[PDB]
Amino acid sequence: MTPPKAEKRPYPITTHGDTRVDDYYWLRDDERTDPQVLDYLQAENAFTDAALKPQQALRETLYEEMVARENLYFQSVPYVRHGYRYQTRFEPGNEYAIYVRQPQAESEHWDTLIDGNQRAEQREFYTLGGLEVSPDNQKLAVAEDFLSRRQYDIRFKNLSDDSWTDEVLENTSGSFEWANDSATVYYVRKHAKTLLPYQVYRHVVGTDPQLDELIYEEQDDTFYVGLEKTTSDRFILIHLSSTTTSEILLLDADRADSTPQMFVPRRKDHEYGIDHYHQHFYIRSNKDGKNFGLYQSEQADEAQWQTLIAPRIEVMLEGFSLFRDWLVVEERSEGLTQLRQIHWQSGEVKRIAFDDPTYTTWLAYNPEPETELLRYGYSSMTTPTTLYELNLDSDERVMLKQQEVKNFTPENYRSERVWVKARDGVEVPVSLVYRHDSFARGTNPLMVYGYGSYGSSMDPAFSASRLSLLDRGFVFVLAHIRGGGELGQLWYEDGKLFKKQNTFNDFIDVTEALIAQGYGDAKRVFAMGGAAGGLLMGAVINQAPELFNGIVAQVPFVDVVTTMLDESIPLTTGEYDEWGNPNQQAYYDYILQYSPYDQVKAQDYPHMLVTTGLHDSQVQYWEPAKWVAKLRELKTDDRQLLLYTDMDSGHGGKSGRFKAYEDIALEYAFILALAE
């Protein structure tokens, strides 16, 4: 079958006297209306449909077995907050969650707080982006998106009679806090054009939003504006943060006329976050070390901050929770997540021990500090996600919930942590899982998954959908490459800006070691990654095409120089601290060397499926479309190259989780057919 051939319209882009001619610059159409652009995306979708037509039966088998291992009756673990018990309920044949509550001393009767199915009646789209009852338990504030544009309407329900007030706060981030009067709420307004959060307003419930007062306006575009409330309830925080740099303003939660009080003025490369409890500020801050410390203060002044935990090169400090008698910290060390608890009085330290080679642990939702019971999450490549509750004093651990997986026997699978010595001598961790009875050294197809940007960690956890590959002989690998966070801030920093190439080198060095050690069949190595992990997919296949049989590149960031030169593209002005600004000759040069679109060569490429989405305003559909067009023009092999563009507008990843399972089934069928 003859693949679609995009029209070439040579478009020169000249930077620092370097001219790049982009034949497909025209595929970018911000209005997503141009019929010629739509024609190319439709033709590629038709080609993908026709190429993958024989995989239909396998797609059905995969889809049905993925849905079959999940319950359709889900009920959350109930939690208590301000004398009420809260539960979320999904029943089969309901797109949306029902949220219920009852008085804490009640068992029998539950009251509906909000039914998403009911709220979605006569609407094209529904996302709940926020839910919070007032301190006096009388009012519900909800942040809802009916239009799919990530702009939230805040509305108010009287819980006494289930009546709604008739005002709406429009174009909000969904971030809002009640003042302690259960009458005033603070909310974040998004910029009209950029949709970036930039204003804090104050609303009296029951009044017209025209009466609302502007409390704070952020001048720096790169600074996210979010609202928080301290554990003590004494302060509403205006949390301002770039990727590198923080600033917190305090709002007295106990007055109706409060103005923002500076905590510590922003200083480039000083990231901090605060809470308030027991008459102290608690600060997680990188002021003295990239791996962060914890500080106590009676006042804002940075020089008064007292050190509770000093930053350590070996231990990244990720977060903390405050309880009556205990401090609990989330840390990473030697490539594992950990929890430690420290007694406020005795200074007694306990670590929460797990022996699984490939697990992750985290602080879960603990809305009440007056307790000895900690809720924390656990998952491994062999153990479905678990909520535990720990008695911090007695060390008694109970299981509150497990992820229910049907047709699944945990003993059928093995997992391992492998360390690979990268080409520059740096040790890269790897987490891998496979079915015991079908494993034979050098025989198995290998799926290598990476991300490797922003300090995001691909922490090893359980996947139900992954069983569809493991039960078909695949060794599934997480490559914990530089640019991720698995070994702390230095791990991230050694895979961004002028070290970004280490991300792609680590992925190739990991893949080569695994093949050398017989984890996979050299001829049946597959890889997948999405977004900045699609950047990884693009760079790896330019640099080392021969390693991989097949590739899935989801919504890939591939036109890196051109996108990062254009502040009109959503996200660009917030990403200079990740890739660099190619307006500077040093960054242009460094970035162009890996920018996958720019490094497409007349060479043999793996089989590849590239995905994207038309109407998702923060998915830049043109980048993978241009990339596929250029690959079609230059590649020397006869292997399959497909572009699938989601033409939808709605549902996304939840409720249309069936859409999510459909995409997984398509992608896994594509790979399984190549590995057969």
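Each residue number is its position in the shown sequence, starting from 1.
Higher mean CA B-factor, judged across 121-129 and 280-288 from the recorded values: 121-129. Of the two segments, 380-388 and 240-248, the one listed with the higher mean B-factor is 240-248 (C-alpha atoms only).
Annotation for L196, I541, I481, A461: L196 ranks highest, by Cα B-factor.
For the set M537, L497, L211, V525, the PDB entry assigns the largest Cα B-factor to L211. Among the modelled residues of the chain, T61 sits in the middle third by CA temperature factor in this PDB entry. Annotation for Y86: C-alpha temperature factor in the lowest third relative to the rest of the modelled chain, per the entry. In the PDB entry, a CA B factor belonging to the lowest third of its chain's modelled residues is recorded for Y492. Annotation for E662: C-alpha temperature factor in the middle third relative to the rest of the modelled chain, per the entry. The entry lists a Cα temperature factor for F557 that places it in the lowest third of the chain's modelled residues.
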